[PDB]
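S.K.: My questions all concern the structure below.
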Amino acid sequence: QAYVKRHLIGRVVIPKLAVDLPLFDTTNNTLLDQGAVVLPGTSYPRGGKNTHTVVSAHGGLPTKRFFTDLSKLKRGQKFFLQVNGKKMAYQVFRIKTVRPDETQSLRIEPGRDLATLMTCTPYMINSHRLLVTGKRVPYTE
């Protein structure tokens with residue numbers, strides 16, 4: 001909780017991969033899920049000659065999560081669900097952020113073939129829900 005900020009020294013950023021992770025000066029068990037860590041025995045990252053810092057991070061450390069990813073989806077963009085082989089393409093035509101109880105907008109709409117990618121903000125209470133709805137389109141590229 002407070003130990004995280006006590007050793008947070010900065011940020012590891014890879015622009016070509018859109019990787020933004022916190023950086024910690026120490027290695028610890030409570031940090032493998034938080035971000036990247038400066039390995040002991042290596043240089044502390046100030047730079048300069050005769051310095052070789054080694055920033056380590058768990059291979060499964062999440063660099064991108066679904067809510068932040070889905071929020072970057074725009075109308076007209078396409079997603080698809082493969083189910084038992086068949087790929088069914090859908091084109092985003094609705095994006096709404098609702099209260100966690102406002103599920104009313106999701107219904108069988110007659111004549112339509114719809115698919116909604118739903119996610120909530122990554123906390124539980126007052127968790128506003130992202131509703132990315134799409135209409136069925138042919139599977140192309």
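S.K.: For region 121-141, what are the residues that are in contact (Cβ under 8 Å) with a residue 12 or more places away in the chain and either among the charged types (D, E, K, R) or in contact with a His (Cβ under 7 Å, 6 or more places away or on another chain) (or both)?
M.R.: Passing the criteria: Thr121, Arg129, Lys135, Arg136.
S.K.: Another question about this same structure. State which residue is farthest from the chain's Cα centre (by Cα) when the search covers only region 71-117 and only residues that are of a type in the set (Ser, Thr, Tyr) and assigned to a strand (DSSP E or B).
M.R.: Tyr90
S.K.: Taking the options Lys87, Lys64, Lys74, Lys78, name whichever one is of a type in the set (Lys, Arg) and surrounded by 13 or more Cβ atoms within 10 Å (Cβ to Cβ).
M.R.: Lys78
S.K.: Residues of region 12-59 being exposed (fewer than 12 other Cβ atoms within 10 Å of the Cβ) and within 24 Å of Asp69 (Cβ to Cβ), which ones?
M.R.: Those that are exposed (fewer than 12 other Cβ atoms within 10 Å of the Cβ) and within 24 Å of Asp69 (Cβ to Cβ): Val13, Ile14, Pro15, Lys16, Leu17, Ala18, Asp33, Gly59.
S.K.: Another question about this same structure. Among the residues of region 1-37, which ones are at positive phi and in a helix (DSSP H, G or I)?
M.R.: none
S.K.: Still on this structure, I have one more. Residue by residue through region 90-141, note down the ones that are more than 20 Å from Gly76 (Cβ to Cβ) and among the hydroxyl-bearing types (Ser, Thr, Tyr).
M.R.: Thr103, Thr121, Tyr123, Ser127
S.K.: Which ones in region 118-139 are of a type outside the set (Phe, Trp, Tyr) and part of a loop (DSSP other than H, G, I, E, B)?
M.R.: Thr121, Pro122, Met124, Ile125, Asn126, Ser127, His128, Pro138
S.K.: Is it the case, given these coordinates, that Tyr123 is farther than 21 Å from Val19 by Cα, loosely packed, with under 13 Cβ neighbours inside 10 Å and either among the hydroxyl-bearing types (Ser, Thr, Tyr) or in contact with a strand residue (DSSP E or B) (Cβ under 8 Å, 6 or more places away or on another chain) (or both)?
M.R.: Taking the combined requirement at face value, the residue satisfies it.
S.K.: Provide a single number: the residues in region 41-70 that are among the small types (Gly, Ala, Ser) and either touching a residue at least 24 places away in the same chain (Cβ under 8 Å) or part of a strand (DSSP E or B) (or both).
M.R.: 2
A short reminder: the numbers here are calculations on the coordinates, not readings from a lab. Neighbour counts run over all protein chains shown; Cβ positions are idealised from the backbone, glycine included.
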